Structures are given as C-alpha cells and as structure tokens.
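**Q** Below are the structure tokens for one structure; questions will follow.
Read-outs: derived from the displayed coordinates by stated rules, not from any lab. Neighbour counts run over all protein chains shown; Cβ positions are idealised from the backbone, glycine included.
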Ligand SMILES: CC(C)CCC[C@@H](C)[C@H]1CC[C@H]2[C@@H]3CC=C4C[C@@H](O)CC[C@]4(C)[C@H]3CC[C@]12C
Ligand SMILES: CC(C)CCC[C@@H](C)[C@H]1CC[C@H]2[C@@H]3CC=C4C[C@@H](O)CC[C@]4(C)[C@H]3CC[C@]12C
Ligand SMILES: CC(C)CCC[C@@H](C)[C@H]1CC[C@H]2[C@@H]3CC=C4C[C@@H](O)CC[C@]4(C)[C@H]3CC[C@]12C
C-alpha cells in the first residue's frame, strides 16, 4: 500500500538546495473558482494522484487558477519528480511542446514510425519534458502512445508527459474535486458519462494541470498559461523550447505564429496534414533550392488552403494566407521534416538543427550536440567555426564542453575536444571552492578541483559505489588511516584522499607521488614541461575513469599518457580488488561488478601484450625499460609493481623472466652455470680477468660487482650451510668428550650468529606476522631451539654419561632438520624447484593415504596381537605389538618366521600343529591386510599422484616463476658475509646505524639515469604500445565471428539500398502514370485619435466621375499643425503647383506624374489631389500641400542558397529586398521617407537606407556600401496609396533600386531596425505580399525592369 506524502522538498528561488515544508502549507498558493463570477477564488481542494486502468503508475494532478504563477506549477512538477526519483533526478535539457489537431486523425504508418522513433530517441537522450494538452484525442493521444513504449521499454527514470488542460471540459471534474486532499490513487473512469462534458483525459500522461476559470465547455482557456509555463521552464533549466507541429487546425497556425514571434523554434511535420502541409509548402516555396520546388506558386498554395480548410469568406482566407506566409519568414526558426528529403532516422537531427538555429553560441550548441550523440554535427560545427575566424568563442567554451563530456561518459567527444588545442591540465571547476586552512589542499591546481567535481557529481547519484567506498574506507580528508567534520564532508572526494584509497587497494606499501609545483607559471620555459603536465593530469583522470569503471575513457587517458605497462598493471589490480569488495555487494550492483572483472582481464592483456611487442622488437631495450626506476611510485621498477599487483601472467612471461635471470648473475656474460660461478668464486684471480666483462680501477670494480651479485650470496650461503651440515654431522657421530670440545664451541658461535640473524630479520625487516607465515623461518627457529636444548643438556653435566646420551638424542633431530633445510636451496633450480612445489601439492593425497591406512593398520593390529597372545595382561608391550609389525608389513618385510615362532606352531608346514586353533587364523587376516594395503591403497596413491600431477603442473611452474623474483629480491638485501662470519656484518651494520643516526657523518649515494636515455625508453614504449594496438585490432578483425557479423551487416545495408531503389521505382511508376481597380483609403485616418473620414465606395473614387453627394470632413493632425521644418504652411496661398517649387530657396518636387496635372481650387487656394477622392479635405498627417515627394530605397540582391545556386520560382529568378517593420502600425513596408529640401533622390535614398536598414551607419564595409549605392536607377515615380493621404495633400513616390548582382556588398550589411522602424530583414519579393500602401506596385516595377518573379 502507498503511504501518502506529508512533506515536500521545494527548490529555492536561488537554485541552491531544496527546503522541506508540509504539503498543506505549500498547496495554499494554488486557487480554484467555484463559479465564473468569482475572481479572487478559494484554495484548491482538487489535487493528488490518479490511477488509470491498465497503467501501473499513478499520475499527479493539480487544479490551479488562471491567475496562478507558472513558476509555482513548475515548483510542483519539480517537487513530484524530487519525491519519486530523489533529489539528484535527471534535469531536462529540452522542452518539447506538442501542439496540433484537437480532433482525431490517422497518420501513415512509416511517418508515424519515424516521428515515434525520433521523439523517443530525443526524449530518452535529453531527459526532455514533453508538454501537451493532456486529452485522449488526436496529437495528444498520439504523443501519449509514443511515450507509452518509452515508459515500458526503459527502466528507472521516465521523462514526464505533462498535460495542461482546461477544467471546464473535463469528464469527472466533480469526482476529482470533492474529497479530503491528497487523493492517493483515485480511479478515473474515462467512459462514464459525466454531464455535460464529452472530453476525457489521456491515460498515458504522467502529470496533469487542470487550469480553471469557472467556465464550462469552453475550450482554450489555458493556451497562454501553457506558453508562460514552457517559457518559465526554459529560463529555469537554461534549456531550449522546441515546438513540434503535427496536423493542426486554424488555431494551430496562430499558435505557431505566436511561437515564432517569441523566438521559439518550430519543427513542422510535413505529410501530416492541414496547417502542417500548408506551412511545409510555404517554407519550401520561400527557401528550398531544389529543382522540384521551382514549380511552386502562391496560386497553388491558395488553392491548397481553399481545398483543405474551406473558409466561408475571402477575407478569412486572406488572413489565414497572410499568417501562414508570415510564419515561415525567418528560415532559422522553422525546420520542416520530410520523409522523401531527410530520411526515416533523421527526425532527431531535425530537432538538433532547430536547436542549433535557435540559440546562437558555441557552448550551448556543442552541449546539445553531445546530448543527441551526433559527433559528425559537432565536428562539422567546430570545423566551420575554426574556418570562419570564431576561434576565441571555441577556446572560451571548450573547457566547459570537455567537462560536460567527462560527466556524461562520451569518450569520442572527449577525443574531439582534446584535439582542438584544449589542454587537459587547464580544466576549471564549475563552482568556486572555499578557502581551506590546510596548506596541502590550498596548493592544489584547478584541474584537481575539476576531478573533485566529477567525483562529487557522480557520488550524489542514488546507489553509487563511490560513496560506499569513501565511507567504508575509514579515513580522514588527506587520506591518512586515522579515521573539522564540515570540511571532512564538503571536500570528502578530494584527489589526495582518493590517491590514498587506490594506494591501499594496490598493496600495503604503494604510495603514489604527486608533484603539483610544476603547474606554476615559472616552469613554462623548461623543455618538455607540457608533456609532464599532460602525463600527470592524464594519470589522475585515468584513475578516476578506473574508479567509475568507464573502460573506453580509461583506455583513452591510458593511451594519451605515458608509462603504459605499469598503469595497465595498476588498473588491473584496482579493478580486480574493487570487484570483490564490501562497497560493491548488493542485488542491483551485480552486472557492473561482472564488467569490472572483464575490464581487469583486458587491462592485464594490454600489460602483457605491449611487453611482448617490445621483446619482439629489441630484447635489450625491453630489458632497459623493465629496469627503469619511476619517480611516481616511490622509485621502483615495473616488476616490483607487477609483484605488488599479483600479476602472475606478467611474471611468467619470457621477457620478464629473462630480466629476472639477468638480475641474477649480477649482469655478466660468462657467469651462467653452477660450476663457472663456483670456480670463479674459489679462484678469483685466475678466471675473472680471462672472462667476458659485461688496473685497480677495473679489477676492484669487477670484484665489487661479482661479489655484490645475488647469485654469489646464494653460493656463499649454500657453501656455509653445507659446511655447517658436515661439521654438525661429524660432531653428532663422533663421541662427546668429558668437557666442552672445540668443535662444540665453534657450533655454539655459529648458531648464535644464526639466531642473531633471525632476530635481526624479525625486528628490522618485514614483521613478525610475515616472518611466521614463511615455513623456512619456522624450520630455522626449530633447528636453533633443538641445538640449544641439546647443548645445555650436555653442558649442564659434561662428565655425565646419561647427559651425553640424551644430548646426542636431541641432536639426531637437529641433523635431520639441518639436512631437510638444505632443500631450500634446491628451489632456485628450474628442474628441482617446481617439483618441490608439486610435492607440497601432493601432501594432501599423502594425508588421504595415511587416513585410509590408519584404519586397516589399527584394526588388523589389535586383532592380530589379541589372536597371538590371548592370555596376557595389557601393558606398553601390547601397544607396541599392535603398531610395530602391522606398519612394517606394508613395505614387504613380512615377519612370518617371527609370527611362526610367536604362534607356538611346531609343524614343518608353517601354521600346523599349534596349541590353539584360533592362532591358525593369523596368516588369513594378514592375507587380507596386505591385499588391502599393498595392492589396493598403494596403487590408488599412484593413481591419485598421476591425476594430481597432471592437474597442478602448470600452476606449479607459474608459482616457481613468481618465487624466482622473490628469491632474487631476498638475496639482494641479504648481509654480504656467510653465517659463521655474519657477526662481523652485524657489528658493521650496527656501526653504520650508530654513525648515521647519532654521528651523522655519512649519507647514501646512488646513480640517476640521464634524460636522453629516459626519453629514448619513453619513445620505444609509446611506439610499441601503438604497434601492439594496431596488431591487436587487425587480429580481432580477422576472426571468423567478426567476419560473419560484418558480412551480415553488409547484407542488411544492401537491403536498405534496395528499399531506396524501390522508392525511386514507385516514384517513376507515379510519374509514368501521370505522364499518360480603383483605390479607396480606409475610413479612420491614421494617428488622428479616432477621427473618421467620409466613407465612399470604390466605384465613386475617380475625379472624372461627377459624384454630387460628396461631403468630406476637414481634419488636420496636431503634428502637422505645430509647423515643423519639413511641413508646408497651413495657408496654401502664393504656392505654385505642377512645377518644381522653391521653399526657403531650395527646390522641392511639387509636380505630380499624373497626366491631367494638379488642379487648384478657386475658393480656398488649396491643391486638389489628381489620384482621386479620399473623403477628407485639409492636409491631415501629411506635411506638404499637394505632392509630398517621397523617396523609397529598394536595396535588392538575388536570393541564393549556400551552395551558390540562385533560387528560381515560376521560371524567373527571385529577387530579395530589405524590408522594415513600421513602428506605428506593426506592418512591414519598404524603407523610405520624404525628400528633404535642397536634395535629390540619390541623397534621400542613401540617407533613408542608412537611417532605417542600418540605423547608426565602416572602412571596407563603407566602401562596399558606397559601391552598391553608386548605381541606382529611378524605376518609377507614382502616386502612393498611403492611408494618411487627403484631397489637399497626397504622397507621390520616387523608387530607387540598388541591386547587388554578385551579392558581395549586400552580404556585409548588418541589418538592425532603427528610427521609425522596428525590425529590418531581407524578404523575397512576390505577388502575395501584404505590404504598406502601394509598395507592391513599386516592387512590381522593380521586378518588371529586372525580369524577376512577381
Ligand atoms: C619438533 C621435533 C623436531 C622435536 C622433537 C623433540 C625431541 C628433541 C625430544 C622430545 C621428547 C624427547 C625424549 C623424551 C624422553 C626421553 C627419555 C630419556 O631417558 C632419554 C631421552 C628421551 C628419549 C628424549 C629424547 C629427545 C626427545 C625425543
Ligand atoms: C571373513 C570373510 C572375508 C571370509 C571368511 C573366512 C574365514 C571365516 C575362514 C577362512 C580360513 C578359515 C580357517 C582355516 C583353517 C582352520 C583350521 C581348523 O582346524 C579350525 C578353523 C580354521 C582356523 C579356519 C577358521 C575360519 C577361517 C578363518
Ligand atoms: C588371488 C588371491 C586372493 C588368492 C587367495 C589366497 C587365499 C585363499 C590363501 C592365501 C594364504 C592362505 C592361508 C595360508 C595359511 C593358512 C594356515 C592354515 O593352518 C589354515 C589355512 C590358512 C589360514 C590359509 C587360508 C587361505 C589363504 C588365505
């Protein structure tokens, strides 16, 4: 059962954390209306969760008012997601608004499949919030059906499908309202007839917001609130809002128009229907450069709109047509998806294209491109930005993009961003770290804080193994194993502590050395510093990638850095130990754990592989690389690391074994056999000079090298132990004297020296636990203990005979252990050593044989002893009789003569004529016994040995190869002098320790390899690493499975190509099948405050017609009546019309182009307009009596696609002119203005063009603009159909066209609306333009002159 929530985490307005507050306290801010009349309203009692049939999960619902804040509703959705999925839920990087048809519609299956596939891919990759209407009809129901499969096929996080619906139309509203909130799991009955509503809610939507205004059955109350919520969500999550238009009626066109106007991009699904097909045609008409769109015309679009929506009136059709053409004006904000052009799997690419055309900046576009997993798009965008001189923005956003690529596990994107000159060690954290009192932590660079941010961000996720690893580690902040609190928690995932955790994971004495001092600016001049900074940075990132088990990024950082082999071994050890750990146990963590083991093996393979390649190329150089001491792991070589990582595969390799055997012999040629080194040992001056060598300067150096060799110390220890065995053996065989003899004193000194060496090893080397673990140290302790017990037994009373006998008895055991201990030196041999390991394995079979024989031995022995002597008291002799002869009869010594004597049988035949008949059963029992022991048990032991031997021979060989290094390491650190004389070595070490600790008169000296040989080793290792990876990749591509898989995919691609072929075929099938005028101005005068003219019909406008019923209204605007400089005087007397007239000595164009001319009224002296009646006398808004000369500047260029081809419509080339949107009435118009005093059309045209299209106004661009402005042609001088025109003042225009044939000069113009223009843009010229006044006639004249489309 589901427990109702009592408290909710509401995110703060600062966006930093969530505060917990009661549900009843939070919900008070939402209101509901009981009736339409109500405005203030009452609190909402309708909120909770709804349970829908055949749906497992419940959907939350909140009924809120129209006046309610959309931020509060956004907080509600965030609170629900925060409760269900935890605080660290996947934030949306995309808001998908689905609008369209309210009524039900059927789409084609392929188109539906393409939309469904693309929308599911986009939604699951970006964690997008899909906002629809929420009702169970049409596009909302369709979107629900698309997201239903996403909710079924995917686990954990499901992207919300928010439905915002009006409450006044919803079935079942009263049931939802009445009750005590919250209603947990309330049943919704969509088929129940709740009067008078017939609209049900979609059952596949994950949340519901019911917006109420008190009305009933009045749809569309929530359209604005929905737009406000989408905009609010987009600002809050810094995510683009993408509207998707499928189908769609007349209101969808206005919705899409609203969406474009607010800057929100739209994706129109072509082939769906109605508004979408109309919008798709219209865009294709205004932008697409393909050959099949060249036949597109407005007439056919108008025909399409008329046949599809069927308007009642022509004005409605005109308004729909104007709005439809207005939507696709800006090509960036509209993206049309079509099946026959883009493709079935290209809808998410179209969504990404809309996103890239929406927000213009490199960082947002690259982050979204990462989210959709389109590297090619990101690569092309980066290349285009690189070519166009946008390198600064690239460098400014590359870090944040690289950080984002690391967080979301995208290695290919990591490789891309790193390739475009982004330094790996220049990473910066997103937040700012607070200052810390610790000097080690304050020394840390920026990229360390960036790695700390990656650890923190990954760690805050639910059920993360990193948090368990850090908590179970039981360490402080700097990683030391010591177990205030606030720092220890805010910076718990620092890099030093993580380095310490990984160090414990490798072994007990692994300590990685960091040097962050090299990242200061003072070291930049040092040669090769950029490599070192790179390498260290790479290493730290590498370790982070090993911890999160991301193999691909780990492999990438491993290949970027250096010291490949050692890093692979360390990685293998950390992953193998990490997979079997307390932090990774759990039912849900199983598969990753598995992954870890897999990854471990892979790294191990790498470590072996590279090494192998090295041994193929140069054996000596490979030997040199394995001997190199590396500073980062406390100055020791790769074999030491490999032993610490327990890499049995690496140690058993022939190259590694060759270096271990080269370390043996102390690097000399002729020292190879036992006899050669033994002969050279005894005879130093007679075999060493005449031998291959790798003055007192040289002979002394070779002597110090030969006797410093570990093999020589082994030979010295063997010879020493052999003399000890021989001398102790003679001592125990020869009789003891009546006093302590000289040989006894020599043996006493020898065993004290041995005892002191064992104590020195215990206190000063490994540890007591480590010493006792070894079996040979235990044997050493037993032999010293036995000798001292025997020696003190003799020395207590030397003349006592009994003491001599007991002392030799103890010393018998001493000689047995001494000769048994001599076997320890057999382990160095390649023949005797593995066999010794095999003997220790076969001891369990020996124990099995002993347990089985013991049964038969005691059973037969008690029975036989009782049978031989049935009338004897039990004594110690009875017990010996039970074990003596039974045990020795299994080795073939049968005491049948002795048994015959004991049985008292006097016959010649062996057990006849006996005193008792029972004793005649003595040979029968024996007969059974030796059948059991010799024929059965011994032969089974032979069978067990053969089986055991075959099983553990290879493992014994591998274990011997690890022990070869162990023995080499052991005899490297050992004291130089042999056992009897080691006391001198002990006193020498004590003297050095006293002189070093107290005296401080000496130090340690060593040799450091040059940088030349170091970079030589580094180059070799890097080259062979690349060579092994190439060989490994080629070998994996030549496998049979890979070839079968690749041929299979090729056959799949072949069908795909046939599918394309069939589409082209069906297209021909279709192709072959089809192969067989008076102007009357509006009544209300503009900008006059509602003053209206005298209305006249269009058949009464001409001046030739009489029209006696004419009573115009005299109105003059306040602006004209205030008398500015460009306005003529209110009294028109003394002014001459029909000729160029001089005002203040400057000529103005007062002559009209009308053939009749301007007529002067006799009564008032005012001029009369020759272009017809306008129902208004006076000057109105026009400043000049008669002809107001205006100049219009049509700056044109050919509309070209990026490829360079000119766009073509109706068989004519299409022009494009700069058009401005007027400030006063928000209608688009041609830029222009009245001709000033003393100037011509050239100056007026240029000044108006600079003022309107350019606003404020260089260098070359000014020269291009001057070159474009130097060739203008007066195309027309006509009368304007301007609504401010009256009978005594009318506008007459001169049109000047500035055409850019090449298009170079026009492309440098930065269009930006200024003065009395709101926006300016390039707009294609056509006959369906809704422009101000008679500017269509002027463009018609421009296109007529240039033979362009109209
Ligand atoms: C761990 C192993 C190798 C050591 C075995 C212990 C040996 C050294 C000890 C343990 C018990 C000892 C025996 C105990 C009793 C006696 C009886 C005495 O009248 C003569 C010596 C003799 C026979 C001892 C000889 C030494 C002895 C066998
Ligand atoms: C126990 C199973 C395996 C087989 C049984 C065989 C036993 C019961 C048989 C085999 C050999 C037999 C013995 C052979 C001969 C003699 C001599 C006779 O004057 C008295 C009985 C005596 C001493 C027999 C006693 C029973 C005996 C021990
Ligand atoms: C193939 C193998 C198992 C052959 C079997 C041999 C058996 C049947 C033989 C071997 C030795 C024999 C024993 C040898 C000696 C004596 C003592 C005699 O006073 C009675 C019979 C008795 C006790 C025999 C019984 C049978 C005997 C146990």
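**Q** Just the Kirkwood number for the stretch 54-99, please: inverse of mean 1/r across all distinct Cα pairs, in Å, one decimal. Can you show the working numbers first?
**A** Details: mean 1/r = 0.0780 Å⁻¹.
About 12.8 Å for the stretch 54-99.
**Q** Moving to a separate point now. Rank by packing, highest mean first: peptides 1166-1175, 812-821, with packing defined as the count of other Cβ atoms within 10 Å averaged across residues. If you can, show how the numbers build up before the last one.
**A** Working: 1166-1175: 22.1, 812-821: 16.0.
Descending packing order for the listed peptides: 1166-1175, 812-821.
**Q** Is the C-alpha gyration tensor of the stretch 720-862 telling us rounded, prolate or oblate? Criteria: a/c under 1.5 is rounded; beyond that, a/b larger than b/c is prolate, otherwise oblate.
**A** oblate
**Q** Please give, to one decimal in nm, the separation of the simple spin-label points placed at residue 984 and residue 1064, each 7 Å out from Cα toward the Cβ.
**A** Between residue 984 and residue 1064, the label points sit 9.6 nm apart.
**Q** Moving to a separate point now. Need one word for the stretch 932-1068: rounded, prolate or oblate. Basis is the Cα gyration tensor (sqrt eigenvalues a ≥ b ≥ c); a/c below 1.5 gives rounded, then a/b vs b/c decides. Mind showing how you got there, number by number?
**A** Values: a/c = 6.05, a/b = 1.62, b/c = 3.74.
Oblate shape, in that a/c is at least 1.5 and b/c is the bigger or equal ratio.
**Q** Follow-up question, since we're still on this one. Beyond 15 Å, what percent of the Cα pairs of the stretch 671-713 remain?
**A** In whole percent, the share of Cα-Cα pairs in the stretch 671-713 beyond 15 Å is 37.
**Q** Go ahead and estimate [θ] at 222 nm for the chain from helices alone: -39,500 (n - 2.57) per DSSP H run with n ≥ 4, summed, over the residue count, rounded to 500.
**A** Helix-only estimate at 222 nm: -16000 deg cm²/dmol.
**Q** On to the next question. Out of all Cα-Cα pairs in the stretch 796-947, roughly what percent, to the nearest whole number, are more than 21 Å apart?
**A** 64 percent
**Q** Using the 2.2 N^0.38 Å rule of thumb for compact globular proteins, work out how the stretch 420-544 stacks up: its C-alpha Rg over that value, please.
**A** 1.10
**Q** Here's something else I'd like to know. Can you bin the stretch 1247-1333 into rounded, prolate or oblate? Criterion: square roots of the alpha carbon gyration tensor eigenvalues sorted a ≥ b ≥ c, rounded for a/c under 1.5, prolate for a/b above b/c, oblate for the rest.
**A** Verdict is prolate for the stretch 1247-1333.
**Q** Let me ask something additional. Taking the convex hull of the alpha carbon atoms in the stretch 1091-1216, what volume per residue do you get, in Å³?
**A** It is 213 Å³ per residue.
**Q** Something else about it: With just the Cα atoms of the stretch 899-963, tell me how far they stretch along each of the three principal axes, in Å, largest first.
**A** 67, 19, 17 Å, listed from the longest principal axis down.
**Q** Quickly rank 270-280, 148-158 as a protection proxy: mean count of other C-beta atoms within 10 Å, highest first.
**A** Those peptides, ordered most packed to least, come out 270-280, 148-158.
**Q** Which order do peptides 349-357, 963-971 fall in by mean Cβ count within 10 Å, highest first?
**A** Top of the packing list down: 349-357, 963-971.
**Q** With the alpha-carbon atoms as the only input, what is the per residue convex hull volume for the stretch 619-711 in Å³?
**A** Looking at the stretch 619-711, the number lands at 126 Å³ per residue.
**Q** While we're here: Report, please, the projected area of the stretch 679-740 averaged over directions, based on the convex hull of its C-alpha atoms, in nm².
**A** Spelled out: convex hull of the Cα atoms, projected over all directions, averaged, 6.5 nm².
**Q** Continuing with this model, one more query. Mind jotting down the three principal axis lengths of the stretch 594-753 based on Cα atoms? Whole angstrom, largest first.
**A** Ordered largest first, the stretch 594-753 gives principal extents of 75, 51, 28 Å.
**Q** Ok, one more. Over the alpha-carbon set of the stretch 1044-1124, divide Rg by the Kirkwood Rh and report the Rg/Rh ratio to two decimals. List each step's numbers first, then the result.
**A** Working: Rg = 35.3 Å, Rh = 20.1 Å.
That ratio equals 1.75.
**Q** From the convex hull of the Cα coordinates of the chain, what is the mean projected area in square nanometres?
**A** Result: 90.5 nm².
**Q** A follow-up question, please. Quick one: Cα convex hull volume of the stretch 57-144, Å³ per residue?
**A** 126 Å³
**Q** Give the span of the stretch 1029-1167's Cα atoms along each principal axis, as three whole-Å numbers ordered largest to smallest.
**A** 107, 53, 34
**Q** Using the Kirkwood radius over C-alpha pairs as Rh, can you work out the diffusion coefficient of the stretch 617-656 via Stokes-Einstein at 10 °C, viscosity 1.306 mPa s, in µm² per second?
**A** 148 µm²/s
**Q** Taking the Cβ-Cβ separation of residue 1168 and residue 1144 as r and a Förster radius of 30 Å, what is the calculated FRET efficiency to the nearest 0.05? Write down the numbers at each step before the final one.
**A** Details: r = 25 Å, r/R0 = 0.84.
Computed FRET efficiency for residue 1168 and residue 1144: 0.75.
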